[PDB]
Structures are given as structure tokens and as C-alpha cells.
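A short write-up of the structure that comes next.
Worth knowing before you read on, the calculation uses all heavy atoms, side chains too, and leaves out hydrogens, waters and symmetry mates. Just so it is clear: chains get the letters A, B, ... in the order the sequence lines come, proteins before strands, and each one is counted from 1.
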Amino acid sequence: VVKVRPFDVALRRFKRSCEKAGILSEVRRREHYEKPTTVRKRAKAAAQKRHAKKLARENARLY
Amino acid sequence: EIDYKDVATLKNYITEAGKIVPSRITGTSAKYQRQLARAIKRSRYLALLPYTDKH
Amino acid sequence: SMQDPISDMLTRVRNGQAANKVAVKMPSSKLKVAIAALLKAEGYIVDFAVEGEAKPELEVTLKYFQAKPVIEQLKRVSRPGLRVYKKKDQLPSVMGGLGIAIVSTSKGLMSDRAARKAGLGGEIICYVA
Amino acid sequence: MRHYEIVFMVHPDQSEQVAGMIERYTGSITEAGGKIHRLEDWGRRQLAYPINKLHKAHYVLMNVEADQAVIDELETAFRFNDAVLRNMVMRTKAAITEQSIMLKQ
Amino acid sequence: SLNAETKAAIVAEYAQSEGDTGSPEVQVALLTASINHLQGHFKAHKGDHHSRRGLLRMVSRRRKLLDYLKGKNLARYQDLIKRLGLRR
RNA sequence: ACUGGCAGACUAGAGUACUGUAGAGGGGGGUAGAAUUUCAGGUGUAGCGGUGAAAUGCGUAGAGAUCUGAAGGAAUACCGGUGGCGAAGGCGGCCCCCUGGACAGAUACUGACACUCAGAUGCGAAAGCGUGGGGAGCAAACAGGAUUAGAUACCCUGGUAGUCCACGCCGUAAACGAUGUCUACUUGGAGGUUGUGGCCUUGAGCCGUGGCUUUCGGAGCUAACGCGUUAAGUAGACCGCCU
């Protein structure tokens, strides 16, 4: 929700007011049924990648 | 010490859409976050908070 | 459950020596202390000590020589699940006689050498090498 | 006995009857060995969403001690009273005799 | 389930000494009381399979304690059985 | 001496009492909000829907869109988490009722009451089966439309059993950590979570002490990959199993 208080701002403010309610995110989640197993598999690989990043990104000479 | 009646506090932990805010954002302790979420959800049932911005 | 205190003693010693621990403590018992006495006599430990009256603890001081642990092998033989008794003529030699086998004879707990000299057999506790 | 916190929200039109309700409801409790610790008529308030197309309702908070038989009685009463729109009964650990955020305001 | 007053009634009744909580007699009597109380629950809640696993641990433990005591003092064992109504 | 027996003794194992704590543990009942579908009415007017494109389909008998209401069923966005709980399977809105386990602190108690378990018994995802209900959405089968050489498929439009409830049955899954249970011992680093004590809470904190859990690694182990105090290390008890 954005009360137009110029329009160009208001539509950008709108576009960021709906990012933040994860609206488009949510529609794309609920377009097709994610089977619960697949949901978890994604979530593990997410966590696993996130860690395996940070770990080696603390191990982060080059030249 | 979270009450389903303390709307004012609870409102610091809901978004404009009405959504419960992550504990990552707010910085709440897991234990507190759990108790918020419970209170917020009791508030919502007493129409002291809204479930959704739409309604 | 812990159903073999002796094996636990040996494990504690073996793991202590492996971790280069100076000494190892364990709940004491007669047979543990008897074993510790023989191991001292044979030069495999430095010393032992039994502290406590209520719940007595045993402290084997471990022995190193050239910064290797003196005990190479500490194999339990007569387990609870399979006891091992040998007659005097059938006593195990360990590391070609250079290790001991702790026999329990009816005249106490001794090395296989001393048991053979005594013409006693008994229960084989362990091999120390 | 167990301590409860009961909030029941009365239909705005029937706001007059509320004080009557408080009396009769606590009547049942007080009667059956039941303490009433706190009683805080919050008055009419704007519902955060429409309930039965209504936009306001008369909130009443009541902390009691009672055996469950007494509260089984109440929940059924609240059910059949067509003025009581919602009611949340919550078991609490300990009696509360303070004043609530709501009334402090 | 057994609260504190009901426990204490039992713990006082079957105590083999002063502030005995731990005799077979006390333990078995409490378990018997728990088991008997819980029989109402599972009449009303046959599907409660998870709670029943906890009921059956009490049943098991009772036996073990009863087998202990019979092994110790058969006369004590015979008393306890009779006082509780167990056909062990 | 050691194992056993017998008669005692002991409190470290195991258990009990007390008080707390966290928790999608289980069972029962109720209820809330969002959304979908159908339906009724209002507005409105030629599309809608679908796809790679399209067609089937729907729509002038008024669809789709939009507003309002109704009725149903199912599932509970956010919170939400390499968070939590449970023997495992598994468990997610909120409220109540019934109920299991774990954990911590403190004191007292019992006195080896233990561990493992052939056979046995019980629990056991989803599908399936029986009976009776229920049936929004989804969808084996099936129908039609496409694609293709063909298309008994993938894609699209539909769609039944099933999915949901009650009470049974079935007994199986990559039921997985592809890792039996129990016990003890053996360098560390960084986290999460749930207790507890102390300090000056001198200021959200810091330091101890428990439970559970995640990750990285040392020795060691391993064919290697890797495992690494939650072992796949060092040992013990017992079971299952391989050839």
C-alpha cells in the first residue's frame, strides 16, 4: 500500500512495499505444489552452501 | 514479558502488512521470538492486531 | 553397561600412553591395584597410588622412554565373554618372551615367567609388551 | 484450582448488558469457590478487522481462579450468549491482580 | 499425573523406614498408582500410542522392581503383592 | 588369585521422592484468519483461459474482471531456524481438556534392583484394503487437445479412485546417518538451543556448570572417499547380519 503523497516515486515506493511483503516471492512459491521432501532438500542445500561459503570465505593472497 | 494485550509492543514486531518480523531482523532471542509469535497470534484472534493489511 | 573393569583399566592406560598423558586415574579395585603392582614390578609403569577411602581412586603414573610410551601392547585376553585359563605348560609367551603375560594363579597375580618357574598355571589377564 | 484469563468481546449494541454479564458470569465463578482476581472492562474498541461486519466491540477482561467444570460452564454460556462475539480463555500459571497495559493507557 | 499429595499418601503408607522414597515397596506402590490412574486415560484415548509407551515403561519397571524384591525378601514381596492387589 | 555359589556389607551403576524449565511429543474437543471452488445477486461487455506456439475448454443463454453475500472442504502465510520435540515412523494457526518423556537444581531415599536380547510382543511414511461418512483443492485411471516418425509419455483442458474423517486391516520404503544397543577412555576451534550457579545487573554482560544439537579439523582409523569426543579412534557386553 502506497499513498501517492509525484507518481514516479510512488510506484517505486509501491514496488518496494510489495518486495517487502514477499508478495511476488509468495505467488511463485504457490504456483505449483512443492513436494515436502523437495522443500527440505532445497533448504538443506541452502544452509549447506551458505556455510560452505562463509567457511572458505574466512579462508579467504591471489597475487 | 509479552502480553497478547500489549498491542503497542507487539506492533514493533509486526510489519506494515501485519506479518510477524523475523527474529533475525528484530534481534529477539529465540525464546522471546517464540513467545512474541504466540502473543501476536493471540492478539490477532482478539482483533487487537490484524492478520492481514487487507481484511 | 561397564561389564569389564579390568579391560577399562587397560584401555585407560593404553589411551593415556597414546595421548602422552603423565598419569591416568580410574576407580580403584583390588585386582586393578594388583595389576598395577605387577606392571610396576615389570617396569611398564612408573608408579601407582590409591587415594580415597569412600570411593578409592587409582592413579597409574605412565612411563615413557625416549619419548615413546613404554607399553606397546596392552591386550586383554580373558574377557568376561570368553575366559582363558592355561595350564603351566601352556602359558603364553609374549613378544618372544620379551613381553609379559599377566597370569592370575592361586598364589596371586604374576608374570608368565614367574608362573612357569612356580609351576602354576592360571587365568590369563592380558599381554603387556 | 487453576487460574484463567478470560477475554470476551461483547457486541457493541448490547454494551448496556455487559455490566449485567460481568455480574452474572462472575456470579457463577464466585459461587463455585471461584476467586475473581482481576476484572477490567476495557469498554468499546475498534476491532482490527470486521467481525460479523461489526467494526467495534466491547472488550471485558476477567482473571479468575476456578475448577474446570466452572469454565466449561462459561465457555458454553459465551457460546450461547449471542452478544458475546469472541472469547479466549487461557490457563495462566499464577493469579494476576495488577492492572493491564490496556487499562494503564 | 499423580500430583504430590497422592504421591505423599503412598510414599508415607508403603515407606519401609523414615523418609524412604526408594524402597521397592514405595516405588512399586507409586507405579501401581500411576498405572491404575492411567487406565482411565487409555479407555478414553485408545489412539494415544505415545503415552501408552510411557505406561508400558511403568508396567515394565514395576516387574523389574518386583522381581528384585522377590529375589531379596520373598516375604516382603508377598506382602506388597497382597497390599497392592498384584498377581505377579 | 580369578569366575561361580552361599551369607553379609557398600554406593560410584540403575532407580525413587521434591521443585522448577523448554518443547510442531501424543490423544480429545473447540475455534480463527487468508485463500481456492461452487452458488446467489449487483456492475459490466467481449473475450477469457492456456502455450514454445496452439488447440481442446469456457463466454453473448453475459464469460473473464469487479463488488457483496452464502455454503462447503482442506491446509494453517508470516513466525520458521543445518530451531524444537519424539524410540522410530513422525509432529507446525490459536484455545482448552487428558496425557508421555526429557532436563536442571537441591536434599533425602533404595542398595547392582544392571546391560543386551534368540523366540515373542508392540509401534511403524505413503500407497493399498474393508465398512460408513465427507469431498473445496489436487490428481493414478480415463477423455479430449497438442508435440512426434509414432507419443499407450513429457505439455495443455478436463477428470475418477484416492487424498480428508471414524473404526479396522496391511507391515512395507533410499523406514537413510545406507552407521545395532549399552559402557568407559582419548588433542582442539567456531556455532545453535535449553537449564542452573556466581559476579557488580557495577551497564543489555562476563565467567562457571549441566542436557541436547551443528560444523571444521588433530591423533588415530580407513581401499580410498572420508570418520574424527554425537568416531568410522581405543576397549568391553550382548544382539542382528555377510560369505
Side-chain angles (χ1 to χ4, degrees), chain A residues 21-22 26 29-30 33 43-44 46-48 50-51 55, chain B residues 13-15 17-24 30-31 33-34 36-38 40-42 44-45 51-52 54-55, chain C residues 1-8 10-12 14-16 18-19 21 24 26-27 30-31 34 54-55 76 78-81 83 85 103-110 122-123 125, chain D residues 4 49 68 71-72 75 79 86 88-91, chain E residues 1 4 7-8 11 15-17 19-27 30 38 40-42 44-57 61 64-65 67-69 71-72:
Chain A
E26 171 281 349
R29 174 167 165 221
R30 293 198 180 112
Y33 174 76
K44 286 192 302 293
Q48 191 190 3
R50 181 189 306 120
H51 205 210
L55 292 186
Chain B
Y13 298 103
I14 69 183
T15 69
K19 278 189 159 187
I20 299 165
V21 180
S23 61
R24 313 168 305 173
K31 193 171 164 189
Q33 182 65 16
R34 283 202 295 295
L36 278 172
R38 201 176 186 199
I40 293 168
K41 287 167 198 183
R42 293 182 215 194
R44 288 162 173 187
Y45 171 78
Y51 286 83
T52 177
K54 299 170 74 272
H55 274 320
Chain C
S1 190
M2 181 189 299
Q3 294 180 7
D4 189 4
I6 302 157
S7 195
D8 184 55
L10 304 181
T11 302
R12 290 171 177 254
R14 185 170 59 255
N15 296 351
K21 287 205 160 186
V24 165
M26 62 207 84
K30 285 184 307 175
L31 184 53
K55 300 186 203 178
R76 182 80 163 114
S78 181
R79 316 143 86 80
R83 304 281 178 186
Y85 309 108
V103 185
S104 176
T105 70
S106 69
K107 298 167 207 171
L109 196 79
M110 47 193 73
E123 181 166 353
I125 305 308
Chain D
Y4 302 98
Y49 52 79
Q68 184 54 54
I71 309 303
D72 290 352
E75 288 183 352
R79 189 179 305 142
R86 279 180 193 170
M88 191 187 263
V89 178
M90 290 144 281
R91 182 110 100 81
Chain E
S1 172
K7 277 195 174 184
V11 172
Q16 300 297 284
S17 80
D20 176 1
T21 70
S23 64
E25 282 79 346
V26 179
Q27 295 196 48
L30 291 167
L38 277 191
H41 172 83
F42 293 103
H45 298 277
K46 298 182 185 179
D48 192 359
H49 290 326
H50 286 63
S51 306
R52 183 174 287 119
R53 169 164 154 112
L55 170 74
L56 300 176
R57 198 176 71 129
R61 198 170 109 240
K64 288 179 165 175
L65 295 154
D67 297 358
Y68 174 68
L69 181 64
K72 286 292 140 182

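Considering every non-hydrogen atom in both B:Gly18 and B:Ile14, the closest pair reads O-CB, 3.9 Å. The shortest heavy-atom contact between B:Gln33 and B:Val21 is NE2-O, 3.2 Å.
A parallel orientation is assigned to the rings of E:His45 and E:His41, their planes being inclined by less than 30° (bins at 30° and 60°).
The neighbouring residues F:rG171 and F:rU172 do not form a stacked base step, as their six-membered rings are not both less than 5.5 angstrom apart at the centres and less than 30 degrees apart in plane orientation. Stacking between F:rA7 and F:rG8 holds: their six-membered rings sit with centres below 5.5 angstrom apart and planes below 30 degrees. Under the 5.5 Å centre and 30° plane thresholds, F:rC200 does not stack on its strand neighbour F:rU201. Consecutive residues F:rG73 and F:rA74 stack, with base ring centres under 5.5 Å apart and planes meeting at under 30°.
In this structure, E:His49 reaches the sugar-phosphate backbone alone: every heavy-atom distance under 4.0 Å involves primed, P, OP1 or OP2 atoms, never a base. Among the heavy atoms of the strands, none lies under 4.0 Å from E:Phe42. C:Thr105 comes within 4.0 angstrom of a base, heavy atoms only. Contact annotation for E:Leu69: no contact, since no heavy-atom pair falls under 4.0 Å across all strands.
Residues B:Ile20 and B:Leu36 form no side-chain contact, since every pair of their non-hydrogen atoms from C-beta on lies 4.5 Å or further apart.
Here the CG atom belonging to E:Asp48 is positioned 10.0 Å from the CG atom belonging to E:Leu55, to the nearest 0.5 angstrom. In this structure, NZ in E:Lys64 is found 13.0 Å from CD in E:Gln27, a value given to the nearest 0.5 Å. Rounding to the nearest 0.5 Å places OG1 of B:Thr52 at 9.0 Å from CZ of B:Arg44.
B:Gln33 contributes no side-chain N or O that forms a donor-acceptor pair with the base of F:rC79 under 3.5 Å. Between the side chain of E:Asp48 and the base of F:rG26, a donor-acceptor pair under 3.5 Å is found. In terms of polar N and O atoms assigned as donor or acceptor, the side chain of E:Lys72 never comes within less than 3.5 Å of the base of F:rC113 in a complementary pairing. Side-chain N/O atoms of B:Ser23 and base N/O atoms of F:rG80 include no donor-acceptor pair closer than 3.5 Å. The base of F:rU110 is not paired with the side chain of E:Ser23 by any donor and acceptor separated by under 3.5 Å. The base of F:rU82 lies close enough to the side chain of A:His51 for a donor and an acceptor atom to sit less than 3.5 Å apart. Side-chain atoms of E:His50 and base atoms of F:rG89 include a donor and an acceptor less than 3.5 Å apart. No N or O donor and acceptor, one from the side chain of C:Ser106 and one from the base of F:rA1, sit under 3.5 Å apart. One cannot find a donor-acceptor pair under 3.5 Å joining the base of F:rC113 and the side-chain atoms of E:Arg61.
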For nucleotides 4-12 of chain F, which of its nitrogen or oxygen atoms have a protein nitrogen or oxygen under 3.5 Å away, and what is each distance?
residue	atom	partner	partner atom	Å
F:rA12	OP1	C:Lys55	NZ	3.4
F:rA12	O5'	C:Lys55	NZ	2.6
F:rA12	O4'	C:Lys55	NZ	3.0

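Searching all strands for a Watson-Crick or G-U wobble partner of F:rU31 with both distances below 3.5 Å returns F:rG93. A 3.5 Å limit on both hydrogen-bonding distances identifies F:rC199 as the Watson-Crick or G-U partner of F:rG205.
With its glycosidic angle within 90° of 0, F:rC113 is assigned syn. Annotated as anti: F:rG52, whose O4'-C1'-N torsion sits more than 90° from 0.
For E:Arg57, taking side-chain heavy atoms from C-beta onward, the closest of the listed nucleotides F:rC2, F:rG101, F:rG100 is F:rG101. Side chain of B:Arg44, nearest nucleotide from F:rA77, F:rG80, F:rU16: F:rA77. Distances were taken from every side-chain heavy atom of C:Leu31 (C-beta onward) to each of F:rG28, F:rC2, F:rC94; the shortest belongs to F:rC2. Taking the side chain of C:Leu109 as heavy atoms from C-beta on, and the options F:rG33, F:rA1, F:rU16, the nearest nucleotide is F:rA1. Candidate nucleotides F:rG236, F:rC115, F:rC96 were compared by shortest atom distance to the side chain of E:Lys64, and F:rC115 ranks first. In the set F:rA35, F:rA77, F:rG100, F:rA77 carries the atom at the smallest distance from any side-chain atom of A:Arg30. Of the candidates F:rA184, F:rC79, F:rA114, the closest approach to any side-chain atom of C:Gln3 belongs to F:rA114.
Rounded to whole Å, the P atom of F:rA125 lies 27 Å from the corresponding atom of F:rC138.
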Taking protein heavy atoms under 4.0 Å as touching, what does nucleotides 185-193 of chain F look like 5' to 3' if B marks base contact, S marks sugar-phosphate-only contact and - marks none? BSS-----S
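Contact annotation: D:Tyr4 side-chain N/O to F:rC97 OP1/OP2 distance is under 4.0 Å.
Sequence order on RNA chain F of the closest nucleotides to A:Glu26 and E:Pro24 puts A:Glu26 first from the 5' end.
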